[PDB]
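Reviewing the structure listed below.
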Protein chains: 4
Amino acid sequence: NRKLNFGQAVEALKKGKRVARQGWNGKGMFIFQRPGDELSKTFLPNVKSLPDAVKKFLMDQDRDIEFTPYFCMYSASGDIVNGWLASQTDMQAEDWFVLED
Amino acid sequence: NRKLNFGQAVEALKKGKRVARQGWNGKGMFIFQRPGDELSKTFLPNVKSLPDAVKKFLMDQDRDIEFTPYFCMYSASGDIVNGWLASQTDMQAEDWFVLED
Amino acid sequence: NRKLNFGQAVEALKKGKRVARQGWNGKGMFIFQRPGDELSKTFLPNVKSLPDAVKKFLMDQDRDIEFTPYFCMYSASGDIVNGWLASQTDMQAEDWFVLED
Amino acid sequence: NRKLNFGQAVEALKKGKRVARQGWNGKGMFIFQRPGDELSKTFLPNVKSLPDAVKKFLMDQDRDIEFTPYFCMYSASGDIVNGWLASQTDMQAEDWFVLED
Ligand SMILES: Nc1nc2c(ncn2[C@@H]2O[C@@H]3COP(=O)(O)O[C@H]4[C@@H](O)[C@H](n5cnc6c(=O)[nH]c(N)nc65)O[C@@H]4COP(=O)(O)O[C@H]3[C@H]2O)c(=O)[nH]1
Ligand SMILES: Nc1nc2c(ncn2[C@@H]2O[C@@H]3COP(=O)(O)O[C@H]4[C@@H](O)[C@H](n5cnc6c(=O)[nH]c(N)nc65)O[C@@H]4COP(=O)(O)O[C@H]3[C@H]2O)c(=O)[nH]1
């Protein structure tokens with residue numbers, strides 16, 4: 001399950017798998033995807049994790065709001081880093097692998 | 001509150017403000033920051049928005065988990081895009097502004 | 001040659017092909033890859049496109065320097081944008097296609 | 001010249017300075033900007049570093065072509081990585097500094 005390209009890593013991420021690069025050397029890091037959802041207008045007022053300016057703007061829309069899926073990283077520090085992005089090096093790399101489990 | 005550089009936009013984003021580029025022409029788009037949080041190990045099992053493989057891995061850690069703040073975009077489509085990233089063009093741009101409210 | 005995923009776009013980019021997303025609507029934009037090269041230490045002093053601080057640092061290395069391949073965009077404005085990066089939306093998109101030629 | 005925010009790092013990069021994060025621990029890495037240029041249509045055929053499909057497309061334009069400035073990284077491996085991008089962590093970090101020289 002190794003020597004994968006970025007595209008293969010991405011297809012595994014969309015399947016809820018965890019992936020990593022060999023070149024990230026034994027630091028326990030991996031990437032994963034968090035699913036999207038559509039939040040009903042009725043539910044939206046209960047969301048804690050939006051700035052008030054944004055929450056007000058969206059409630060004024062008075063409609064259900066779609067939140068997109070996105071990639072996240074479990075860092076060398078053991079934090080969940082929201083919104084992981086692929087460097088040029090990562091996108092072109094041939095050393096990706098799928099973590100077991 | 002216009003003709004700002006990316007750095008100024010970023011400092012406004014950390015203040016929970018919404019920011020945008022003039023060069024994004026009247027499509028209603030803006031960037032905002034979602035706050036970080038530390039989730040107690042006791043709370044973590046209740047999280048819906050993590051893949052099961054990741055949720056299991058983290059619960060096995062048996063510790064509180066930090067989730068980082070991250071930038072998000074309200075898109076031209078009216079979706080909340082999690083994990084917005086700055087293109088070269090955005091990082092070097094001098095046409096940022098802070099949205100009122 | 002359509003309805004491609006990002007991974008397929010990336011494999012085409014590594015083949016020197018030009019690729020684009022349907023969702024970028026008829027603005028003539030495409031992505032391409034610029035090749036890497038290793039520049040001999042003897043050649044390096046002739047490079048115009050490096051800041052002097054960086055050029056001095058590298059010449060002091062007194063060794064050949066590898067420059068990585070990277071993705072670039074031909075923009076809606078008709079500029080070559082060096083160092084194009086894939087948004088969350090792009091990485092997860094299923095509407096990529098290879099441009100003819 | 002330390003404890004800088006990303007915006008301050010970016011303003012230094014536009015001045016042709018080299019910048020880095022404390023959290024990148026003594027691996028010699030830094031970021032720098034490569035200048036943009038406008039290449040005359042007459043010069044463009046001589047460019048080695050463009051795929052043939054792209055070079056042909058641009059020459060058919062029969063006009064001068066602008067190439068944008070972009071950020072680059074001198075990596076832990078000692079390679080010049082073209083098209084460096086700022087992670088969420090980097091954009092929000094308060095540990096940037098300007099390298100001397
Ligand atoms: N700062 C921070 N806190 C986090 C993070 N992940 C989880 N939490 C906290 O855990 C609570 C429950 O998360 P949930 O079960 O996914 O429950 C979430 C989830 O089901 C949904 N939701 C909110 N935003 C999104 C989103 O962007 N995508 C998806 N798919 N669902 C979302 O709304 C529910 C309630 O959201 P909240 O009120 O924010 O309530 C969240 C928030 O307080 C994170 O990355 N950062
Ligand atoms: N600002 C700017 N100018 C551009 C750009 N593309 C081409 N040029 C200009 O065109 C000259 C010739 O480019 P080349 O044929 O690729 O000739 C290049 C190429 O063969 C090589 N080289 C330099 N940097 C790189 C790199 O990052 N990657 C690769 N593969 N080759 C490089 O060194 C040769 C001489 O480089 P320069 O002295 O810089 O000379 C460059 C530079 O003045 C661009 O995106 N931005």
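Following the order of the structure tokens, chains are lettered A, B, ..., residues in each are numbered from 1, and ligands are numbered from 1.
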
What are the closest atom pairs, with distances in Å to one decimal, for all residues of chain B lying within 12 Å of region 69-80 of chain C? Consider only C-alpha atoms, order rows by chain and residue number, and present the result as JSON lines.
{"residue": "B:23", "atom": "CA", "partner": "C:77", "partner_atom": "CA", "distance": 11.1}
{"residue": "B:87", "atom": "CA", "partner": "C:73", "partner_atom": "CA", "distance": 10.9}
{"residue": "B:88", "atom": "CA", "partner": "C:72", "partner_atom": "CA", "distance": 10.4}
{"residue": "B:89", "atom": "CA", "partner": "C:75", "partner_atom": "CA", "distance": 10.5}

How would the residues just chosen look if you wrote them out with N, CA, C and O atoms as a short mmCIF file (atom, residue, chain, number, x, y, z; two decimals), in the first residue's frame?
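Contents of the output file again-v9.cif:
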data_model
loop_
_atom_site.label_atom_id
_atom_site.label_comp_id
_atom_site.auth_asym_id
_atom_site.auth_seq_id
_atom_site.Cartn_x
_atom_site.Cartn_y
_atom_site.Cartn_z
N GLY B 23 -10.09 42.38 -6.26
CA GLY B 23 -9.98 41.64 -7.51
C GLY B 23 -10.94 40.48 -7.62
O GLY B 23 -11.09 39.91 -8.70
N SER B 87 -3.36 31.83 -2.35
CA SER B 87 -2.55 31.64 -3.53
C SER B 87 -1.37 32.58 -3.48
O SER B 87 -1.32 33.51 -2.66
N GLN B 88 -0.39 32.35 -4.37
CA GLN B 88 0.69 33.34 -4.50
C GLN B 88 0.12 34.72 -4.73
O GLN B 88 0.60 35.71 -4.14
N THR B 89 -0.86 34.81 -5.63
CA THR B 89 -1.47 36.08 -5.97
C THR B 89 -2.08 36.73 -4.75
O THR B 89 -1.86 37.93 -4.50
#

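Neighbours of residue 50 (chain B) closer than or equal to 7 Å, with only C-alpha atoms counted and sequence neighbours fewer than 4 positions away skipped, come out as residues 34 of chain A; 54 and 55 of chain B.
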
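Distance-wise, atom 18 (C, counted along the ligand's line) of ligand 1 and CA of residue 44 (chain A) end up 10.0 Å apart.
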
Inset, instruction - Write as a ChimeraX atom specification the residues around ligand 2, taking 9 Å as the cut-off and counting only C-alpha atoms and all ligand atoms. - result: /C:34-39,43-50,66-70,80-82 /D:34-39,43-50,66-70,80-82

Inset, instruction - Write out as number ranges by chain all residues of chain A that DSSP puts in strand (DSSP E or B) for this structure's backbone. - result: A: 4, 19-21, 30-34, 37-39, 65-67, 70-74, 80-82, 96-98

Legend entry - helix (DSSP H, G or I) per DSSP on the backbone: members of chain C, as a ChimeraX atom specification: /C:6-13,44-46,52-61,88-92

Output N, CA and C atoms of each residue in that selection to a file, as a compact mmCIF listing (two decimals), in the first residue's frame.
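And here's result-v8.txt as it stands now:
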# COMPACT_ATOMS: atom_id res chain seq x y z
N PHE C 6 -8.59 14.95 -9.30
CA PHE C 6 -7.38 15.73 -9.18
C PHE C 6 -6.15 14.91 -9.42
N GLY C 7 -6.16 13.69 -8.94
CA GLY C 7 -5.04 12.81 -9.16
C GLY C 7 -4.75 12.53 -10.60
N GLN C 8 -5.80 12.39 -11.39
CA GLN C 8 -5.62 12.20 -12.80
C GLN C 8 -5.11 13.48 -13.43
N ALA C 9 -5.64 14.61 -13.00
CA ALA C 9 -5.07 15.86 -13.49
C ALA C 9 -3.58 15.94 -13.18
N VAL C 10 -3.20 15.60 -11.95
CA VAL C 10 -1.79 15.66 -11.55
C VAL C 10 -0.95 14.74 -12.41
N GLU C 11 -1.43 13.52 -12.70
CA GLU C 11 -0.61 12.63 -13.52
C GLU C 11 -0.44 13.17 -14.94
N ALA C 12 -1.46 13.86 -15.45
CA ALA C 12 -1.34 14.53 -16.75
C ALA C 12 -0.39 15.72 -16.68
N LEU C 13 -0.41 16.47 -15.57
CA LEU C 13 0.50 17.60 -15.42
C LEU C 13 1.95 17.14 -15.45
N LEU C 44 25.32 29.05 -11.96
CA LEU C 44 24.52 29.77 -11.02
C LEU C 44 24.76 31.27 -10.92
N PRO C 45 25.99 31.73 -11.05
CA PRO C 45 26.13 33.17 -11.01
C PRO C 45 25.43 33.96 -12.08
N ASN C 46 25.05 33.33 -13.15
CA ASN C 46 24.40 34.00 -14.24
C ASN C 46 22.88 34.13 -14.11
N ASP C 52 19.53 38.87 -4.62
CA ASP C 52 20.98 38.84 -4.43
C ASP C 52 21.36 38.11 -3.15
N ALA C 53 20.61 38.33 -2.06
CA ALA C 53 20.89 37.63 -0.81
C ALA C 53 20.86 36.11 -1.01
N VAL C 54 19.85 35.63 -1.74
CA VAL C 54 19.76 34.20 -2.00
C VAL C 54 20.86 33.75 -2.96
N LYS C 55 21.14 34.54 -3.99
CA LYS C 55 22.17 34.10 -4.93
C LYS C 55 23.52 34.01 -4.23
N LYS C 56 23.82 34.97 -3.36
CA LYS C 56 25.09 34.92 -2.64
C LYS C 56 25.15 33.69 -1.73
N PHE C 57 24.09 33.47 -0.94
CA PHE C 57 24.04 32.30 -0.06
C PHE C 57 24.32 31.02 -0.83
N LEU C 58 23.71 30.87 -2.01
CA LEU C 58 23.85 29.64 -2.77
C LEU C 58 25.23 29.50 -3.38
N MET C 59 25.82 30.60 -3.84
CA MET C 59 27.15 30.50 -4.43
C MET C 59 28.19 30.14 -3.38
N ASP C 60 27.97 30.60 -2.14
CA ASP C 60 28.84 30.26 -1.03
C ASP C 60 28.81 28.77 -0.73
N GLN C 61 27.65 28.13 -0.96
CA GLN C 61 27.53 26.67 -0.90
C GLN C 61 28.55 25.99 -1.79
N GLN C 88 -8.70 23.37 -1.37
CA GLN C 88 -9.46 22.19 -0.96
C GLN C 88 -10.43 21.78 -2.05
N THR C 89 -11.14 22.77 -2.61
CA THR C 89 -12.13 22.52 -3.65
C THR C 89 -11.48 21.84 -4.84
N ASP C 90 -10.32 22.34 -5.27
CA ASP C 90 -9.66 21.73 -6.42
C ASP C 90 -9.22 20.30 -6.14
N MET C 91 -8.67 20.06 -4.95
CA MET C 91 -8.13 18.74 -4.66
C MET C 91 -9.22 17.69 -4.63
N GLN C 92 -10.42 18.07 -4.22
CA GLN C 92 -11.53 17.15 -4.07
C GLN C 92 -12.45 17.13 -5.28

Inset, instruction - One decimal, Å: what's the distance from atom 45 (O, counted along the ligand's line) of ligand 1 over to CA of residue 4 (chain D), could you say? - result: 25.6 Å

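Take atom 41 (C, counted along the ligand's line) of ligand 1 and CA of residue 33 (chain A): the distance between them is 16.5 Å.
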
Inset, instruction - Tell me which of A:22, A:3, A:14, A:96 sits closest to chain B, counting only C-alpha atoms. - result: A:14

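Nearest-residue note for chain B: choosing from D:93, D:86, D:101, D:51, the minimum distance belongs to D:86, counting only C-alpha atoms.
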
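For the residues A:16, A:40, A:2, A:30, ranking by smallest atom-to-atom distance to ligand 1 using only C-alpha atoms and all ligand atoms places A:40 first.
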